[PDB]
There are 2 protein chains.
Amino acid sequence: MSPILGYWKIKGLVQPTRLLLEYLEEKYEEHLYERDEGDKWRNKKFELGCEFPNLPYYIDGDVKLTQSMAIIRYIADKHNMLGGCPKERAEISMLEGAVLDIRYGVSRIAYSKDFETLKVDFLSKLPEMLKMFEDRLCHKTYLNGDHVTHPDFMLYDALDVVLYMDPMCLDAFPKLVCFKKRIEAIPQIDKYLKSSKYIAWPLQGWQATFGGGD
Amino acid sequence: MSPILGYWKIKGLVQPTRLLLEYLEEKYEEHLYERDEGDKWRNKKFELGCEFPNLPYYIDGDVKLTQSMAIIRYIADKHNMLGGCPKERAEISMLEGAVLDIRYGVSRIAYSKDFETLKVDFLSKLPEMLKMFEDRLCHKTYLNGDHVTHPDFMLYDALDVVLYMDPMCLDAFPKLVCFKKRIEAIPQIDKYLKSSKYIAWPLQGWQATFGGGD
Ligand SMILES: N[C@@H](CCC(=O)N[C@@H](CS)C(=O)NCC(=O)O)C(=O)O
Ligand SMILES: N[C@@H](CCC(=O)N[C@@H](CS)C(=O)NCC(=O)O)C(=O)O
């Protein structure tokens, strides 16, 4: 009747998936566990039929999927966006990993006691990572060319987050600044960000030192 | 003439890829950067034609690929092992992510100053992660059934590593113990592990607190 995307009521690992779903105008319902509902999750964790119980999870009546990256790729796969041949498929997975180096680079330091200092190390190397995408966008509208692929929403999510860590990290990366605005300009995305469904905060778990809180 | 797999001369991110290549009897050469060859890497980093320069990298004359997960999937993709339909494809990516939770769980704490204490937290939750694979192997020979898929070598690599962190972590997981021995029993793998090509140590960068050193 309608696929279900379950996760904490935060951006975290699943925000890019939500954006991809909105871009595709796919119908879905959400199981959003609030910060005071850890017990609620534990009572459902093992009764969903998931072989590798975790959050996020995506139940499609066709699959009981868990890992965030498998979920985003599945939805894109349903719409035939994963590639066309091994080379394009690898190209897209390479973009995936590259964006993850940034997004995980943030999550990895979030919630540690040393976040304030680890943040300076991450930000010192952020430019080198960002530069690769800036170059990539030199002759391509989106990461994989003229057409949107899931890594575009992944990059979008990563940019949204690092801007919170350093509001100036994109100064000097005009292509990236344009890209972020282009994604927001996509009718479906524009509508979603301005909707009741948009979860603007937190970036990480509420308990995180960075991107946490209400 | 022959694809190239470049990485540090350590197991790290690329060991499962090496195993997949050996299983498939694929021909390849390796660019193995020794611990005192950081300068050598920096002099090659930007002259390989890679759009997202990094280690590992895989040059096939067909592609200039970098991200470790994109590389392993590409090689499997060349041999038509990624799936068959979106559901099987997602099944395999879910297994990927699940193994990564263990492998990255280790790399994430390796090299931190607090590794000794972080190690106890990781190991306390390791059983719950391992149990999912133990259950999975209850009615399946390999992770995806009767046939080997790349996540099997990923799981193998993860098991090899956590056993160094805790030689007893698999006691109580007989299916996992059998699985590890089954992978080692694959003729191609048996031959590889006993060969000159096998890199037994280090597990992480030589400078890591865990799995480092010569
Ligand atoms: N590698 C997994 C990790 C998932 C994960 O760590 N989920 C966290 C939230 S970010 C959840 O709290 N896990 C719930 C649990 O372990 O029961 C993925 O990418 O989905
Ligand atoms: N997400 C990337 C990360 C790669 C990576 O961090 N490689 C390290 C070794 S584990 C290398 O030293 N990077 C070299 C560089 O950044 O120039 C992957 O999975 O390949």
# chains A, B, ... in the order shown; residues from 1 in each chain; ligands from 1
$ interface_residues --of "chain B" --to "chain A" --cutoff "8 Å" --atoms "only C-alpha atoms" --output "PyMOL selection string"
chain B and resi 51-52+62-63+65-67+69-71+73-74+77-78+86-87+89-91+93-94+97-98+108+132+136
$ residues_around --residues "residue 102 in chain B" --least-positions-apart "6" --cutoff "9 Å" --atoms "only C-alpha atoms" --output "PyMOL selection string"
chain B and resi 122+126+129-130+155+158-159+162
$ write_last_selection --atoms "C-alpha atoms" --output "compact mmCIF listing (two decimals), in the first residue's frame"
# COMPACT_ATOMS: atom_id res chain seq x y z
CA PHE B 122 33.28 -1.64 20.30
CA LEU B 126 30.45 -6.67 18.46
CA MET B 129 26.57 -7.37 15.03
CA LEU B 130 28.17 -10.80 14.67
CA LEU B 155 33.14 -10.40 6.10
CA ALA B 158 36.41 -8.21 9.12
CA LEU B 159 36.61 -11.51 11.02
CA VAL B 162 38.49 -8.54 15.03
$ residues_around --residues "range 144-150 of chain A" --least-positions-apart "3" --cutoff "7 Å" --atoms "only C-alpha atoms" --output "list in words"
residues 20, 76, 81, 140, 141, 153 and 154 of chain A
$ closest_residue --among "B:185, B:21, B:99, B:13" --to "ligand 1" --atoms "only C-alpha atoms and all ligand atoms"
B:99
$ atom_distance --atom1 "CA of residue 139 in chain A" --atom2 "atom 13 (N, counted along the ligand's line) of ligand 2"
25.3 Å
$ closest_atom_pairs --of "chain B" --to "ligand 2" --cutoff "12 Å" --atoms "only C-alpha atoms and all ligand atoms" --output "tab-separated table"
residue	atom	partner	partner_atom_place_in_ligand_line	distance
B:5	CA	ligand 2	20 (O)	11.7
B:6	CA	ligand 2	11 (C)	10.4
B:7	CA	ligand 2	9 (C)	7.4
B:8	CA	ligand 2	9 (C)	7.0
B:9	CA	ligand 2	9 (C)	10.3
B:10	CA	ligand 2	10 (S)	9.2
B:11	CA	ligand 2	10 (S)	9.4
B:12	CA	ligand 2	10 (S)	6.2
B:13	CA	ligand 2	10 (S)	5.9
B:14	CA	ligand 2	20 (O)	8.0
B:15	CA	ligand 2	10 (S)	11.2
B:16	CA	ligand 2	19 (O)	11.9
B:17	CA	ligand 2	20 (O)	11.3
B:32	CA	ligand 2	9 (C)	11.9
B:33	CA	ligand 2	12 (O)	10.0
B:34	CA	ligand 2	12 (O)	11.6
B:35	CA	ligand 2	12 (O)	10.7
B:37	CA	ligand 2	12 (O)	11.3
B:38	CA	ligand 2	12 (O)	8.8
B:39	CA	ligand 2	17 (O)	10.5
B:40	CA	ligand 2	17 (O)	11.0
B:41	CA	ligand 2	17 (O)	7.5
B:42	CA	ligand 2	17 (O)	7.0
B:43	CA	ligand 2	17 (O)	10.4
B:44	CA	ligand 2	17 (O)	9.9
B:45	CA	ligand 2	17 (O)	6.7
B:46	CA	ligand 2	17 (O)	9.4
B:50	CA	ligand 2	17 (O)	11.7
B:52	CA	ligand 2	16 (O)	9.7
B:53	CA	ligand 2	17 (O)	6.8
B:54	CA	ligand 2	15 (C)	4.7
B:55	CA	ligand 2	7 (N)	4.4
B:56	CA	ligand 2	20 (O)	5.4
B:57	CA	ligand 2	20 (O)	7.6
B:58	CA	ligand 2	20 (O)	10.4
B:65	CA	ligand 2	20 (O)	9.7
B:66	CA	ligand 2	20 (O)	6.1
B:67	CA	ligand 2	20 (O)	3.7
B:68	CA	ligand 2	20 (O)	3.8
B:69	CA	ligand 2	19 (O)	5.8
B:70	CA	ligand 2	19 (O)	8.1
B:71	CA	ligand 2	20 (O)	8.4
B:72	CA	ligand 2	19 (O)	10.1
B:73	CA	ligand 2	19 (O)	11.9
B:100	CA	ligand 2	19 (O)	10.6
B:103	CA	ligand 2	19 (O)	11.5
B:104	CA	ligand 2	19 (O)	10.1
B:107	CA	ligand 2	10 (S)	8.8
B:108	CA	ligand 2	10 (S)	10.8
B:110	CA	ligand 2	10 (S)	11.1
B:111	CA	ligand 2	10 (S)	11.6
B:202	CA	ligand 2	10 (S)	11.8
B:203	CA	ligand 2	10 (S)	10.3
B:204	CA	ligand 2	10 (S)	7.4
B:205	CA	ligand 2	10 (S)	7.1
B:206	CA	ligand 2	10 (S)	10.8
B:207	CA	ligand 2	12 (O)	11.5
B:208	CA	ligand 2	10 (S)	10.9
$ write_last_selection --atoms "C-alpha atoms" --output "compact mmCIF listing (two decimals), in the first residue's frame"
# COMPACT_ATOMS: atom_id res chain seq x y z
CA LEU B 5 45.43 -1.81 -7.93
CA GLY B 6 47.29 0.82 -5.92
CA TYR B 7 47.35 1.11 -2.14
CA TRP B 8 49.60 1.11 0.89
CA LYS B 9 51.37 -2.19 1.47
CA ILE B 10 48.89 -3.07 4.23
CA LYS B 11 45.58 -4.93 4.44
CA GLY B 12 43.39 -1.94 5.27
CA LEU B 13 40.58 -0.92 2.93
CA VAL B 14 41.71 -3.03 0.00
CA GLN B 15 42.30 -6.58 1.36
CA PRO B 16 38.79 -7.81 0.48
CA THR B 17 39.34 -6.54 -3.07
CA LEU B 32 52.26 -1.03 -3.15
CA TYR B 33 53.44 2.09 -1.35
CA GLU B 34 55.73 1.16 1.56
CA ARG B 35 55.57 3.06 4.86
CA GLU B 37 57.08 6.13 0.52
CA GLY B 38 54.56 8.85 1.33
CA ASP B 39 56.50 11.17 -0.95
CA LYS B 40 56.24 8.61 -3.76
CA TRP B 41 52.44 8.63 -3.43
CA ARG B 42 52.20 12.44 -3.42
CA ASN B 43 54.24 12.56 -6.64
CA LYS B 44 51.80 10.15 -8.33
CA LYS B 45 48.55 11.18 -6.63
CA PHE B 46 47.59 13.80 -9.24
CA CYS B 50 41.99 10.13 -11.28
CA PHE B 52 39.00 11.97 -7.08
CA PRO B 53 42.68 11.12 -6.24
CA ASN B 54 42.95 8.75 -3.28
CA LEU B 55 44.23 5.34 -2.15
CA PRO B 56 43.21 2.73 -3.14
CA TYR B 57 42.93 3.35 -6.85
CA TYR B 58 42.23 0.95 -9.69
CA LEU B 65 38.66 4.57 -10.18
CA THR B 66 39.43 5.45 -6.53
CA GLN B 67 36.94 4.75 -3.68
CA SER B 68 37.54 1.26 -2.22
CA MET B 69 33.88 0.23 -2.26
CA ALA B 70 33.43 1.42 -5.88
CA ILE B 71 36.49 -0.62 -6.84
CA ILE B 72 35.38 -3.87 -5.24
CA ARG B 73 31.90 -3.51 -6.77
CA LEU B 100 31.40 -2.29 7.08
CA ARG B 103 35.36 -3.15 9.73
CA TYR B 104 34.90 0.63 10.04
CA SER B 107 39.29 1.54 11.73
CA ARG B 108 37.35 4.37 13.35
CA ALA B 110 42.49 2.73 15.31
CA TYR B 111 45.11 5.46 15.65
CA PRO B 202 49.70 -4.44 9.14
CA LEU B 203 45.89 -4.33 9.48
CA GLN B 204 45.76 -0.53 9.46
CA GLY B 205 48.34 2.13 8.70
CA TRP B 206 51.72 1.37 10.31
CA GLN B 207 51.14 4.35 12.60
CA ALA B 208 47.89 2.98 14.02
$ select_by_dssp --residues "range 13-187 of chain B" --states "strand (DSSP E)" --output "ChimeraX atom specification"
/B:29-33,57-59,64-65
$ decode --residues "range 166-201 of chain B" --atoms "N, CA, C and O atoms" --output "mmCIF file, in the first residue's frame"
data_model
loop_
_atom_site.group_PDB
_atom_site.id
_atom_site.type_symbol
_atom_site.label_atom_id
_atom_site.label_comp_id
_atom_site.auth_asym_id
_atom_site.auth_seq_id
_atom_site.Cartn_x
_atom_site.Cartn_y
_atom_site.Cartn_z
ATOM 1 N N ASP B 166 40.346 -9.416 19.667
ATOM 2 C CA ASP B 166 39.856 -10.329 20.691
ATOM 3 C C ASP B 166 39.780 -11.740 20.117
ATOM 4 O O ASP B 166 38.791 -12.121 19.491
ATOM 5 N N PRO B 167 40.839 -12.536 20.334
ATOM 6 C CA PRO B 167 40.971 -13.921 19.867
ATOM 7 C C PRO B 167 39.800 -14.843 20.202
ATOM 8 O O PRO B 167 39.701 -15.944 19.662
ATOM 9 N N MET B 168 38.919 -14.388 21.087
ATOM 10 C CA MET B 168 37.774 -15.186 21.513
ATOM 11 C C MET B 168 36.419 -14.688 21.022
ATOM 12 O O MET B 168 35.395 -15.313 21.296
ATOM 13 N N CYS B 169 36.401 -13.577 20.294
ATOM 14 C CA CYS B 169 35.135 -13.016 19.843
ATOM 15 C C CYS B 169 34.255 -13.931 18.998
ATOM 16 O O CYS B 169 33.059 -13.682 18.873
ATOM 17 N N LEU B 170 34.824 -14.993 18.430
ATOM 18 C CA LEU B 170 34.027 -15.907 17.616
ATOM 19 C C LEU B 170 33.636 -17.177 18.363
ATOM 20 O O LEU B 170 32.927 -18.035 17.823
ATOM 21 N N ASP B 171 34.113 -17.311 19.597
ATOM 22 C CA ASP B 171 33.720 -18.458 20.399
ATOM 23 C C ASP B 171 32.253 -18.104 20.598
ATOM 24 O O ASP B 171 31.937 -16.948 20.884
ATOM 25 N N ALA B 172 31.363 -19.070 20.426
ATOM 26 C CA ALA B 172 29.924 -18.828 20.573
ATOM 27 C C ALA B 172 29.283 -18.505 19.230
ATOM 28 O O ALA B 172 28.070 -18.346 19.142
ATOM 29 N N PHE B 173 30.108 -18.393 18.192
ATOM 30 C CA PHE B 173 29.625 -18.139 16.838
ATOM 31 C C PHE B 173 30.218 -19.210 15.923
ATOM 32 O O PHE B 173 31.006 -18.918 15.027
ATOM 33 N N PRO B 174 29.833 -20.478 16.143
ATOM 34 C CA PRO B 174 30.327 -21.603 15.342
ATOM 35 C C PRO B 174 30.121 -21.460 13.831
ATOM 36 O O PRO B 174 30.986 -21.859 13.055
ATOM 37 N N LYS B 175 28.992 -20.898 13.410
ATOM 38 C CA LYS B 175 28.744 -20.722 11.979
ATOM 39 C C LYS B 175 29.775 -19.769 11.392
ATOM 40 O O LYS B 175 30.263 -19.974 10.280
ATOM 41 N N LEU B 176 30.100 -18.721 12.144
ATOM 42 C CA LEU B 176 31.096 -17.751 11.703
ATOM 43 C C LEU B 176 32.483 -18.372 11.658
ATOM 44 O O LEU B 176 33.272 -18.077 10.763
ATOM 45 N N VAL B 177 32.779 -19.238 12.619
ATOM 46 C CA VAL B 177 34.079 -19.897 12.647
ATOM 47 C C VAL B 177 34.218 -20.802 11.428
ATOM 48 O O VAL B 177 35.292 -20.870 10.823
ATOM 49 N N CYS B 178 33.134 -21.493 11.075
ATOM 50 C CA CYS B 178 33.135 -22.385 9.910
ATOM 51 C C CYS B 178 33.269 -21.569 8.638
ATOM 52 O O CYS B 178 34.010 -21.938 7.723
ATOM 53 N N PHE B 179 32.533 -20.463 8.585
ATOM 54 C CA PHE B 179 32.568 -19.573 7.432
ATOM 55 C C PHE B 179 33.989 -19.097 7.143
ATOM 56 O O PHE B 179 34.449 -19.143 5.997
ATOM 57 N N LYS B 180 34.683 -18.649 8.183
ATOM 58 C CA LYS B 180 36.048 -18.154 8.030
ATOM 59 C C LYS B 180 36.960 -19.243 7.470
ATOM 60 O O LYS B 180 37.845 -18.970 6.649
ATOM 61 N N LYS B 181 36.737 -20.479 7.904
ATOM 62 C CA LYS B 181 37.536 -21.595 7.422
ATOM 63 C C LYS B 181 37.128 -22.012 6.009
ATOM 64 O O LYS B 181 37.950 -22.516 5.244
ATOM 65 N N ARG B 182 35.859 -21.811 5.668
ATOM 66 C CA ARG B 182 35.369 -22.158 4.339
ATOM 67 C C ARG B 182 35.992 -21.215 3.314
ATOM 68 O O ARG B 182 36.419 -21.644 2.248
ATOM 69 N N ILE B 183 36.044 -19.925 3.638
ATOM 70 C CA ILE B 183 36.637 -18.953 2.724
ATOM 71 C C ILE B 183 38.109 -19.286 2.506
ATOM 72 O O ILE B 183 38.621 -19.197 1.393
ATOM 73 N N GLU B 184 38.794 -19.661 3.575
ATOM 74 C CA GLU B 184 40.205 -20.005 3.476
ATOM 75 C C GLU B 184 40.415 -21.303 2.694
ATOM 76 O O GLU B 184 41.499 -21.531 2.156
ATOM 77 N N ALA B 185 39.370 -22.130 2.617
ATOM 78 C CA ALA B 185 39.427 -23.414 1.918
ATOM 79 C C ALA B 185 39.207 -23.307 0.413
ATOM 80 O O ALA B 185 39.484 -24.258 -0.331
ATOM 81 N N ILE B 186 38.687 -22.164 -0.036
ATOM 82 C CA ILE B 186 38.483 -21.943 -1.462
ATOM 83 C C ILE B 186 39.870 -22.087 -2.088
ATOM 84 O O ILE B 186 40.799 -21.365 -1.726
ATOM 85 N N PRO B 187 40.033 -23.032 -3.028
ATOM 86 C CA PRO B 187 41.333 -23.235 -3.667
ATOM 87 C C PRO B 187 42.128 -21.975 -3.998
ATOM 88 O O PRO B 187 43.313 -21.879 -3.659
ATOM 89 N N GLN B 188 41.478 -21.017 -4.652
ATOM 90 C CA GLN B 188 42.138 -19.774 -5.049
ATOM 91 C C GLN B 188 42.593 -18.965 -3.846
ATOM 92 O O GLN B 188 43.669 -18.356 -3.862
ATOM 93 N N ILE B 189 41.769 -18.957 -2.804
ATOM 94 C CA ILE B 189 42.104 -18.220 -1.595
ATOM 95 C C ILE B 189 43.172 -18.969 -0.810
ATOM 96 O O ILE B 189 44.104 -18.357 -0.292
ATOM 97 N N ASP B 190 43.035 -20.291 -0.716
ATOM 98 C CA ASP B 190 44.020 -21.091 0.004
ATOM 99 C C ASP B 190 45.397 -20.821 -0.589
ATOM 100 O O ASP B 190 46.369 -20.587 0.132
ATOM 101 N N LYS B 191 45.462 -20.858 -1.916
ATOM 102 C CA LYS B 191 46.706 -20.624 -2.636
ATOM 103 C C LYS B 191 47.223 -19.205 -2.401
ATOM 104 O O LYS B 191 48.416 -18.996 -2.186
ATOM 105 N N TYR B 192 46.325 -18.229 -2.426
ATOM 106 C CA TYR B 192 46.738 -16.839 -2.219
ATOM 107 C C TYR B 192 47.300 -16.578 -0.829
ATOM 108 O O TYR B 192 48.347 -15.954 -0.688
ATOM 109 N N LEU B 193 46.607 -17.046 0.202
ATOM 110 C CA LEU B 193 47.074 -16.821 1.565
ATOM 111 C C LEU B 193 48.447 -17.438 1.820
ATOM 112 O O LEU B 193 49.218 -16.929 2.639
ATOM 113 N N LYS B 194 48.757 -18.525 1.117
ATOM 114 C CA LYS B 194 50.050 -19.188 1.276
ATOM 115 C C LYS B 194 51.095 -18.628 0.309
ATOM 116 O O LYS B 194 52.221 -19.122 0.281
ATOM 117 N N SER B 195 50.730 -17.613 -0.477
ATOM 118 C CA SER B 195 51.649 -17.035 -1.466
ATOM 119 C C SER B 195 52.476 -15.835 -1.012
ATOM 120 O O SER B 195 52.282 -15.292 0.074
ATOM 121 N N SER B 196 53.399 -15.433 -1.884
ATOM 122 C CA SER B 196 54.298 -14.307 -1.652
ATOM 123 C C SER B 196 53.533 -12.991 -1.696
ATOM 124 O O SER B 196 53.980 -11.980 -1.147
ATOM 125 N N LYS B 197 52.384 -13.018 -2.366
ATOM 126 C CA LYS B 197 51.534 -11.844 -2.529
ATOM 127 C C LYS B 197 50.748 -11.491 -1.270
ATOM 128 O O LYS B 197 50.361 -10.340 -1.071
ATOM 129 N N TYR B 198 50.511 -12.474 -0.413
ATOM 130 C CA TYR B 198 49.745 -12.206 0.797
ATOM 131 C C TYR B 198 50.434 -11.208 1.720
ATOM 132 O O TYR B 198 51.614 -11.359 2.049
ATOM 133 N N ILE B 199 49.689 -10.185 2.123
ATOM 134 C CA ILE B 199 50.204 -9.170 3.036
ATOM 135 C C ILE B 199 49.518 -9.481 4.363
ATOM 136 O O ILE B 199 48.343 -9.193 4.544
ATOM 137 N N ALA B 200 50.257 -10.094 5.280
ATOM 138 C CA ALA B 200 49.697 -10.484 6.569
ATOM 139 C C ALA B 200 49.588 -9.368 7.604
ATOM 140 O O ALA B 200 48.764 -9.443 8.510
ATOM 141 N N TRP B 201 50.405 -8.335 7.462
ATOM 142 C CA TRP B 201 50.415 -7.245 8.427
ATOM 143 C C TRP B 201 51.064 -6.054 7.738
ATOM 144 O O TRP B 201 51.912 -6.233 6.863
#
